[PDB]
Amino acid sequence: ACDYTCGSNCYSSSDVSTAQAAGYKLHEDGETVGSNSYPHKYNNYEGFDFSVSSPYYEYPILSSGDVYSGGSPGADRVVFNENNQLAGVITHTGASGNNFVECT
Ligand SMILES: Nc1nc2c(ncn2[C@@H]2O[C@H](CO)[C@@H](O)[C@H]2OP(=O)(O)O)c(=O)[nH]1
Ligand SMILES: [Ca+2]
């Protein structure tokens with residue numbers, strides 16, 4: 001079953017964890033990836049009440065199970081922070097425009 005459902009996409013905790021490890025890794029060395037430069041800051045225009053502290057950084061999570069290294073970032077994101085803590089998993093799918101909704 002799914003630990004996170006982002007629209008059609010099914011993720012296990014192992015998935016979330018692998019994207020989160022890449023994102024904080026790039027984030028530690030001050031390196032980016034893609035034409036949108038992931039990882040980058042997540043502002044929270046949304047207003048989600050994360051259990052975890054600011055500030056946040058987002059990084060694509062791929063439906064393929066592959067870790068993102070460029071190309072289409074897809075619709076799903078993993079939100080973490082300076083402490084390497086999972087804030088949550090969000091998605092543009094089902095969200096109006098470039099808005100985000102949370103993965104269930
Ligand atoms: N909706 C939303 N987009 C954000 C936020 N912070 C950064 N963004 C990025 O800014 C774009 C539009 O403002 C979004 O598509 C998103 O890029 P990503 O597609 O890389 O997530 C945020 O808090 N909310
Ligand atoms: Ca998987």
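For neighbour counting, all protein chains shown are included, and Cβ atoms are generated from backbone atoms with ideal geometry for every residue, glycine included. Every number here is computed from the coordinates shown, using simple stated rules; none is lab data.
When you scan segment 64-79, how many residues do you find that are under 20 Å from residue 3 (Cβ atoms) and out of contact with any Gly (no Cβ under 6 Å at 6 or more places or on another chain)?
10
Any residue at all in segment 10-23 that is within 13 Å of the chain's Cα centre (by Cα), of a type in the set (A, V, I, L, M, F, W, C), within 13 Å of ligand 2 (Cβ to nearest atom) and in a loop (DSSP other than H, G, I, E, B)?
Checked against the condition, which is being within 13 Å of the chain's Cα centre (by Cα), of a type in the set (A, V, I, L, M, F, W, C), within 13 Å of ligand 2 (Cβ to nearest atom) and in a loop (DSSP other than H, G, I, E, B), segment 10-23 yields no hits at all.
Applying the selection to segment 52-104, what residues are in a strand (DSSP E or B) and among the aromatic types (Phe, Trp, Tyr)? Write out each step before concluding.
We begin by selecting, within segment 52-104, every residue in a strand (DSSP E or B); these are 56-60, 76-81, 86-91, 101-102.
Selection gives 56, 57, 59, 80.
State which residue pairs qualify: first residue at negative phi and inside segment 8-37, second residue within 16 Å of ligand 1 (Cβ to nearest atom) and among the polar types (S, T, N, Q) in any location, beta carbons under 7 Å apart, and separation of 6 or more residues or different chains.
Between residues of segment 8-37 that are at negative phi and residues that are within 16 Å of ligand 1 (Cβ to nearest atom) and among the polar types (S, T, N, Q), the close pairs are 9/63; 26/32; 33/69.
Filter segment 89-104 down to the residues that are within 12 Å of ligand 1 (Cβ to nearest atom) and under 10 Å from the mean Cα position of the chain (by Cα), then identify the one that is surrounded by the fewest Cβ atoms within 10 Å (Cβ to Cβ).
91
Please go through segment 55-88 and pick out each residue that is without any contact (Cβ under 8 Å) to a residue 60 or more places away in the chain and out of contact with any strand residue (DSSP E or B) (no Cβ under 7 Å at 6 or more places or on another chain).
Passing the criteria: 62, 64, 65, 66, 67, 71, 72, 82, 83, 85.
Of the residues 67, 52, only one is among the hydrophobic types (A, V, I, L, M, F, W, C), within 16 Å of ligand 2 (Cβ to nearest atom) and more than 11 Å from the chain's Cα centre (by Cα); which?
After applying the criteria, what remains is 67.
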